[PDB]
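Let me begin by presenting the structure, written as structure tokens, before commenting on it.
Here the Cβ positions follow ideal geometry from the backbone for every residue, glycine too, while neighbour counts run over all protein chains shown. Quick note: the coordinates plus some simple rules give every number you see, no bench work behind them.
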Amino acid sequence: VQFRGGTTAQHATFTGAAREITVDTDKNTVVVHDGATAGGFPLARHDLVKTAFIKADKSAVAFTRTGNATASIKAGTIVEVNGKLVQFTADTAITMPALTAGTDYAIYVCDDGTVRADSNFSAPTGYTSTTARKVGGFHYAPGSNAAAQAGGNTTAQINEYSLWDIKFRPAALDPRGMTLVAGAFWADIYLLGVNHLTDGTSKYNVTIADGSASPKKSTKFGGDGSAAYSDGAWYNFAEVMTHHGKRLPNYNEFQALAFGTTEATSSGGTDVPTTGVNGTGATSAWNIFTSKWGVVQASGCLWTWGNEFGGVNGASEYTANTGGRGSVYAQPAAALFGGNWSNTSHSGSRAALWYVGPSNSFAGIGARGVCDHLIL
Amino acid sequence: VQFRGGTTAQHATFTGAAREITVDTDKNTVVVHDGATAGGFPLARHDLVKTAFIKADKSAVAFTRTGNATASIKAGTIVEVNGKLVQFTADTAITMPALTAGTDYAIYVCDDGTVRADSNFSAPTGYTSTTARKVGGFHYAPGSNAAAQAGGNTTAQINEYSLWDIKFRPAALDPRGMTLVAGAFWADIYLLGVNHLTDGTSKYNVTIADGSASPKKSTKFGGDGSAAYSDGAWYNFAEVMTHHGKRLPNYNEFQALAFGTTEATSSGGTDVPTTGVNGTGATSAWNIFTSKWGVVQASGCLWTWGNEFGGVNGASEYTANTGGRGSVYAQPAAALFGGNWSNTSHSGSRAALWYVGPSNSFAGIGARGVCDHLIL
Amino acid sequence: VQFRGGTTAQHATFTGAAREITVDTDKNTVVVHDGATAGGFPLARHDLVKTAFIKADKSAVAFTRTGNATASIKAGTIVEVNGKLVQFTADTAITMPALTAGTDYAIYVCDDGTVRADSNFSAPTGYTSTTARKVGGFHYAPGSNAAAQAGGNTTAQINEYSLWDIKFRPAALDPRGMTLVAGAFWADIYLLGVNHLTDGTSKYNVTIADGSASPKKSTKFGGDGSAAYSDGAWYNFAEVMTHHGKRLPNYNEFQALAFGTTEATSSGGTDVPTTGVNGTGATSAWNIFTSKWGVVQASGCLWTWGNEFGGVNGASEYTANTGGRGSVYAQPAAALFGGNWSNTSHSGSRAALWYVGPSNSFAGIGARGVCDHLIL
Ligand code: MMC
Ligand code: MMC
Ligand code: MMC
Ligand code: MMC
Ligand code: MMC
Ligand code: MMC
Ligand SMILES: [Mg+2]
């Protein structure tokens, strides 16, 4: 059984009867008619709504944390996947795999109507990247977000603020290991590691980059994947953040991301070598410095370079201290935020040192990344 | 009358005749065939274009101001609402309610094809949030935008630059009370009020927050909704802006948002207690300081803290002045922009004082918010 | 032949048989039925997917450079245009016109299924703005991007990093003449010209704006299209960038955008009057200063004002030096980045001078614009 049909040009001067259905053979679509409107009312091909993703509440993430190791996709969520429509009319549990402290997970919606989390960011176990669509994710933290201003605990659990989806996410090239601070912007949960090219900037239980262990050189700026920078200059940390589509925090972002930490307190001892782990000789455990938003070692562990300049200036003479990329003159210090392990009662979410020039490198100075919140 | 149909798997190896129409029973959709292409050409379900909102000109807002108290939705605007398609093929008047000076309004498109404004931001009178879709809004100002560089008048009217829609808007969590500066970014029309938790940051005829009347403490940072900050430190104002997804202006944004104000002029007298109202002992009326873009009390009324540091530094010693959140060292002043009532001929759109540390609090220092322009 | 049909209200209490197709006469659409679901399953009108634009890889631009003067649109690209669906199942060559060094081109997808580039940004030759849809563009540069850290050559060719599309682009009001730096943000390929109102901020072979040739006054800030600023103050350059929805670079953006330039080297001689051209008395050719990302005269040619303050301060007294827009107090210098022609071995991608107040104007100080990267 074949229907009446014509080209698009034939369709333009043609008014079909009310409730008549024709077939545009150029478009391979149906055209609904009303007895008056020339051309009728063409319907949409499915190819043109591929990747559709509609939420009932576009101002919030598509998922709800329902417990330390459980979460749900929200009612009213409509997802296109592999030519099919999958929607959830009520809050629906996300099938969870084994969850491991300090690991990122991707949430998929599949064309058989299921929804599940997985450590694999291409496809979940038992599916392909065609039948399964990555729609978001979360971080399973080593400990709780801070309930007050005394850090968190060491109960591994989903960080609710780390929940992202494809229309509610960090603007960074890679969303993993980030958390949403006060609904306003995203911060890296962990201080920058040396091996950020493989790990990303934000990973649990890795060696922290500072003056004594410089980050791998960015492969977007002459790095080869093996060489590290000669030191931990501001320039190098800023270059690494840019590599990953992030930036160093300014003062307003730092006081936000670090709120919840134990204030006026430092880690103590002689070092903080590793993310999400007690420092060397520490008199306070790592979790004492978790922020409200799940930022780990948010203060009192290492200074982070900031994306702000001011305070004490270098000499008023052209000074070639930029790693061979020109000279600076009356160079203001680059901000340093948070305090390090040796900084006693002076650390905290508003700790700020404006003395160190950007060319300098020290063992207790590292970095944390941030980027914008994106709501589409 | 029932049509030929099959599952999606059955459909994959099936080539129907030209102009044949089958029904995918998994998808509950129609599939158009051509006599050659295996699988045919599935059509789109309406669920997958819910919330569609298409404009002829995506680089401009969807509405035009046609007079002090009238506006229109633009030709070529196509809106999905409650399962229905509503489009306007010509500029169409927006039905207005009573308009009240210093009030924000939401524009709705309804599933009966009407379009109207309303003071209610959930649903307009005579409709529900299901049958009516909020697509944008505007601010009805107490006075005109500045036609030159001598402020505006006191004729209540729609601020054309305050027109926003869901794909042409401030990136802030709440768009109300903001205006588009030079097409580049959004600025709060009013200086921050004390009661920003209920009012938002930008409201007409409310008590201005400064050192003598500190803002309500952010409920995202330990506030309970009743307590105010101990004072008007930079830290507190920056914290409030972050609460609302905004920031303090930098120098480039300030000179932009304040252009149109009466330059090198201050309010005079002893205070400016209230937004959009003459100061105490004022020798110039409030409207003298309206910018081109409808920013009220843009200069010469209160300094606004800025999101920039530089100028005179505090002591080169760890100083615990951050409200118990750590210490600062060689702390640069936080910028102050615009000038206050007592600042005589030194106020204006480029007025900048770089002497006051962020821990300080004074009666003529408050804040104004800004965030990015978002075109989707 | 007319189908069974009813209004939307009639449709709500009606359950048709499995594979029955009715016509909603309010919506002028088809409704697919299953024998159980009240209301059936309405299909989407094409009006609601107008401007649809779907890419297989949303994290990358929709086009690939295949040679100095050729490029392709990528497989999996689906485009709505003039009521029609046009998709490319394999990489497809873009038809090129004559290409001219230092020119921007727009890429169109047309409703006859073709794809082509054109110097006209409304419609390509042989088509209209209705039958042809602008989906992106590129810059055809006067020379290559830098392969190392020794600038580029003078072989005119497409700058791969200048490829933009409508969902992968600078957030600026006009994308032309910009390039994507490290996937993170966009930079103007050329230093600001005097005639930026007609040319935009970024054009090849035009007179560079500096203290000796000030930019045209912004028509958004009291300019009339003919008058230039009285001088090259920071204030004026910042105002021009804002006009175009851009900003001056900060230090982290500058070291990124200028990487690839010949470091610790200046143009020499007595001037650099023109974009993409050798300086007056130059001892190094212009192309020596091309960055990895195709930023022309990236360093060693003119300082660019930066969007950052710090270093040496002006007097601690109210100083009316803002062009009649108020006074400043303890005003920090505005950053200057890159070095100019006279700056010998001190120029480069990290060259930074923090001595000149924003009110000052000099022959070797101009500007370069940047704005955010937008992925939709
Ligand atoms: C999502 Hg399986
Ligand atoms: C913008 Hg990170
Ligand atoms: C919009 Hg009624
Ligand atoms: C970004 Hg406010
Ligand atoms: C694109 Hg013809
Ligand atoms: C935001 Hg330019
Ligand atoms: Mg600064």
*Along the charge dipole of segment C:1-145, which of C:32, C:52, C:18 sits closest to the positive end, that is, farthest toward it, with unit charges on the beta carbon of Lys, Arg, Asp and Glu (+1, +1, -1, -1)?*
C:52
*List every residue whose amide H lies under 5 Å from the amide H of residue C:169, counting only residues 5 or more places away in sequence or on a different chain, with H placed 1.01 Å from N in the peptide plane.*
C:374
*Under the Karplus relation 6.51 cos²θ - 1.76 cosθ + 1.60, θ = phi - 60°, what is the ordered set of whole-Hz ³J(HN,Hα) values for segment A:347-358, x standing for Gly and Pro?*
6, x, 6, 10, 4, 8, 10, 10, 10, 7, x, x
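I need the shape label for segment A:1-51. Rule: rounded when a/c is under 1.5, else prolate if a/b > b/c, else oblate, with a, b, c from the alpha carbon gyration tensor. Intermediate values should be presented prior to the final figure.
Working: a/c = 1.79, a/b = 1.61, b/c = 1.11.
Note, shape of segment A:1-51 comes out prolate.
Net charge within 15 Å of residue C:150 by Cβ-Cβ distance, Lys/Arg positive one each and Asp/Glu negative one each, not counting residue C:150 itself?
Working: positive: A:325, C:292; negative: C:263.
Net local charge, residue C:150 excluded: +1.
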_For segment A:316-376, fraction of C-alpha pairs farther apart than 13 Å, in %_ = 72
*Regarding segment C:19-100, what are the three Cα extents along the principal axes, ordered largest first, in Å?*
60, 22, 19
*Between copies, how far apart are the residue C:195 label points? List them in nm, one decimal, shortest first, with each point 7 Å from Cα toward Cβ, please?*
5.7, 5.7
*Along the positive direction of the dipole of chain C (beta-carbon charges: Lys, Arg +1; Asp, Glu -1; about the Cα centre), which of C:128, C:275, C:170 reaches farthest?*
C:128
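As an exercise, use a Förster radius of 41 Å and the Cβ-Cβ distance of residue C:121 and residue A:150 to find the FRET efficiency, rounded to the nearest 0.05.
Working: r = 58 Å, r/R0 = 1.42.
That pair, residue C:121 with residue A:150, gives E of 0.10.
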*For residue B:155, which inter-copy label distances result when the label point lies 7 Å beyond Cα on the Cα-to-Cβ vector, reported in nm to one decimal and in ascending order?*
6.4, 6.4
*asked:* Roughly how far apart, in whole Å, are the Cα centres of segment A:1-49 and segment B:362-376?
replied: 52
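Quick one: putting +1 on the C-beta of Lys and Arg, -1 on the C-beta of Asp and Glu, what dipole do you get for segment B:32-137 around its Cα centre, in Debye to the nearest 20? Intermediate values should be presented prior to the final figure.
Details: 10 positive and 9 negative charges, 30 e Å.
So the magnitude is around 140 debye.
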_Interchain or long-range residues, amide H under 5 Å from residue C:144's placed H_ = C:153, C:154, C:155
*Once you put a point 7 Å from the Cα of residue C:224 and another 7 Å from the Cα of residue A:96, both along the Cβ direction, what distance in nm separates them?*
7.0
*Cα-only radius of gyration and Dmax that characterise segment B:146-239, units Å*: 15.1, 44
*If you take the charge dipole of segment A:190-368 about its Cα centre, with +1 on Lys and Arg Cβ and -1 on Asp and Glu Cβ, which of A:223, A:323, A:358 is farthest toward its positive end?*
A:223
_For the protein assembly as shown, give me the percentage of DSSP beta bridges that are antiparallel, rounded to the nearest 5 percent._
90
*Could you work out which residue, out of B:71, B:141, B:12, moves most in a Gaussian network model of chain B, that is, has the largest mean-square fluctuation with Cα springs under 10 Å?*
B:12
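Based solely on its DSSP helices, what 222 nm [θ] is calculated for the protein assembly as shown when runs of n ≥ 4 H residues each add -39,500 (n - 2.57) and the sum is averaged over all residues, nearest 500 deg cm²/dmol? Walk me through the numbers on the way to the answer.
Numbers: 12 runs with 78 residues, N = 1128.
Calculated mean residue ellipticity at 222 nm is -1500 deg cm²/dmol.
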*In terms of modelled amide H atoms, which long-range or inter-chain residues lie less than 5 Å from the amide H of residue B:103?*
B:140
*Jot down the radius of gyration and Dmax of segment B:190-368, Cα atoms only, both in angstrom.*
15.4, 45
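Over 28 Å apart: what share of the alpha carbon pairs of chain B falls there, rounded to a whole percent?
Values: 37246 of 70500 pairs.
Within chain B, distances greater than 28 Å cover 53 percent of Cα pairs.
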*Integer Hz, Karplus 6.51/-1.76/1.60 couplings in order for segment C:67-82, x for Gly and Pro*: x, 4, 10, 9, 7, 10, 8, 7, 3, x, 7, 10, 10, 8, 7, 6
*asked:* Among B:246, B:203, B:50, which one shows the highest mean-square fluctuation when chain B is modelled as a Gaussian network with alpha-carbon springs under 10 Å?
replied: B:50
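Run the dipole for the protein assembly as shown about the Cα centre, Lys and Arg Cβ at +1, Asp and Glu Cβ at -1, nothing else charged, and hand back the magnitude in debye, nearest 20.
Working: 78 positive and 81 negative charges, 237 e Å.
About 1140 debye.
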*If you place +1 on the Cβ of every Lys and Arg and -1 on the Cβ of every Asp and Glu, how big does the dipole about the Cα centre of segment C:217-376 come out, in debye to the nearest 20?*
220
*Full extension from residue A:12 to residue A:345: what is 0.36 nm times the residue separation minus their Cα-Cα distance, to one decimal in nm?*
112.1 nm
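Please give me the summed charge of the neighbours of residue A:108: other residues whose Cβ is under 9 Å from its Cβ, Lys and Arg +1, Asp and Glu -1. Please report the intermediate quantities before stating the final value.
On the way: positive: A:116, A:133, A:134; negative: A:118.
Taking every Cβ under 9 Å from that of residue A:108, the sum is +2.
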*Provide an ascending nm list, one decimal, of label-point separations from residue C:90 to the equivalent residue in each further copy; define each label point as 7 Å from Cα along Cα→Cβ.*
5.0, 5.0
*At what distance in nm do the modelled label points of residue C:280 and residue A:2 sit from each other, each positioned 7 Å from its Cα along Cα→Cβ?*
7.7
*Tell me, what HN-Hα J-couplings in whole Hz come from the Karplus equation 6.51 cos²θ - 1.76 cosθ + 1.60 at θ = phi - 60° for each residue of segment C:296-311, using x for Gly and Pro?*
8, 6, 5, 8, x, 10, 10, 4, 10, 4, x, 9, 9, 10, x, x
*asked:* Below 13 Å, Cα to Cα, which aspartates and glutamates can residue A:74 reach? Residues fewer than 8 away in the same chain don't count.
replied: A:57, A:91, A:165
*Mind checking the alpha-carbon convex hull of the protein assembly as shown and giving the volume per residue in Å³?*
157
*Classify segment B:183-282 as rounded, prolate or oblate, taking a ≥ b ≥ c as the square roots of the eigenvalues of its Cα gyration tensor: rounded when a/c is under 1.5, otherwise prolate if a/b is larger than b/c and oblate if not.*
oblate
*So which of A:246/B:55; A:203/A:292; B:134/B:167; A:134/C:58 end up more than 22 Å apart, counting from Cα to Cα?*
A:246/B:55
*Between C:96, C:241, C:178, find the one with the highest GNM mean-square fluctuation for chain C; connect C-alpha pairs within less than 10 Å.*
C:96
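Rounded, prolate or oblate, given the Cα gyration tensor of segment B:60-138, with a/c below 1.5 counting as rounded? Walk me through the numbers on the way to the answer.
Details: a/c = 2.07, a/b = 1.16, b/c = 1.79.
Verdict is oblate for segment B:60-138.
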*Cα centroid separation - segment B:102-156 against segment A:224-263, whole Å*: 42
